[PDB]
Amino acid sequence: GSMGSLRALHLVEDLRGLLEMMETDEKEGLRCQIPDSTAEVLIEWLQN
Amino acid sequence: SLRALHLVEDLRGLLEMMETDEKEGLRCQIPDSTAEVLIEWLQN
Ligand SMILES: [Ca+2]
């Protein structure tokens, strides 16, 4: 590991936590603003 | 929205610089319930 992957671990935890405080339209609106390329990298990493 | 957008961008930038063993070792440390929430959110 590294301090960068420790950072990544905390970003993931923060993102799940923030998602809990969002309403449906806010979560969809957030996802709508994320480039599909960024989403794809995250999906495949989580599904690997 | 701005903070979460930055979180997602920073995360993508970190993952793209990682070797395969680093990315997969990091995935090992993510709870399955967290991974499932994020996957379903990203795929809709
Ligand atoms: Ca499910």
Side-chain angles (χ1 to χ4, degrees), chain A residues 1-12 14-24 26-47, chain B residues 1 3-21 23-44:
Chain A
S2 68
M3 301 300 280
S5 57
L6 193 61
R7 278 201 64 250
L9 181 57
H10 294 151
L11 294 175
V12 172
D14 277 1
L15 184 57
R16 169 173 195 186
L18 296 170
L19 283 179
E20 300 282 343
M21 294 319 111
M22 289 180 205
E23 302 160 31
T24 309
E26 293 174 349
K27 294 186 288 185
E28 294 182 17
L30 172 61
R31 172 59 187 86
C32 181
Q33 294 176 272
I34 291 173
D36 280 354
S37 52
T38 293
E40 180 202 286
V41 170
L42 293 194
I43 291 170
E44 186 49 39
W45 172 63
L46 292 169
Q47 306 214 267
Chain B
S1 180
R3 167 144 211 265
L5 278 183
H6 292 179
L7 293 199
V8 165
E9 170 60 22
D10 285 19
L11 179 58
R12 179 213 63 82
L14 292 186
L15 287 165
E16 289 212 15
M17 297 299 140
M18 284 178 202
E19 296 194 347
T20 292
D21 74 303
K23 263 189 312 182
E24 293 176 342
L26 172 66
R27 178 62 181 80
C28 297
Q29 290 187 296
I30 311 292
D32 287 330
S33 68
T34 293
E36 175 180 329
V37 167
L38 291 181
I39 291 176
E40 290 187 359
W41 167 65
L42 281 170
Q43 297 182 354
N44 292 307

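Lettering follows sequence order; numbering is per chain, from 1.
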Between [X] and [Y], what is the shortest heavy-atom contact and its length?
X	Y	result
B:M18	A:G4	CE-O, 4.4 Å
A:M21	A:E26	O-OE1, 4.2 Å
A:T38	B:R12	OG1-CD, 3.3 Å
A:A8	B:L26	CB-CD2, 3.6 Å
B:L11	A:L11	N-CD1, 3.7 Å

* Asked: Would A:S2 and A:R7 count as having a side-chain donor-acceptor pair, cut-off 3.5 Å?
  ->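 Checked: A:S2/A:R7 side chains show no N/O donor-acceptor pair below 3.5 Å.
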* Go through the side-chain N and O atoms of B:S1 and A:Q33 and say whether any donor and acceptor fall under 3.5 Å apart. =>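 A donor-acceptor contact under 3.5 Å links the two side chains.
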* Residues two or more places apart in sequence or in another chain: which of them pass side-chain hydrogen bond (donor to acceptor under 3.5 Å, both in side chains) with B:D32? ->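 With sequence neighbours excluded, B:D32 shows a side-chain hydrogen bond (donor to acceptor under 3.5 Å, both in side chains) to no residue whatsoever.
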* Asked: Does the B:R3 side chain pair with the main chain of B:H6, one donor and one acceptor, at a distance under 3.5 Å?
  ->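 Absent.
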* Donor-acceptor pair, side chain of B:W41 and main chain of A:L19, under 3.5 angstrom ->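 Checking the backbone N and O of A:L19 against the side chain of B:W41, no donor-acceptor pair under 3.5 Å is found.
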What distance do [X] atom [atom1] and [Y] atom [atom2] have between them, rounded to the nearest 0.5 Å?
X	Y	atom1	atom2	value
B:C28	B:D21	SG	CG	10.5 Å
A:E23	A:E28	CD	CD	11.5 Å
A:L46	B:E36	CG	CD	11.5 Å
B:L38	B:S33	CG	OG	9.5 Å
A:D14	B:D10	CG	CG	11.0 Å

* Asked: What do you reckon, is CD of B:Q43 surrounded by more than 12 foreign heavy atoms closer than 6.0 Å?
  ->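 Counting other residues, nucleotides and ligands, CD of B:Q43 exceeds 12 neighbours.
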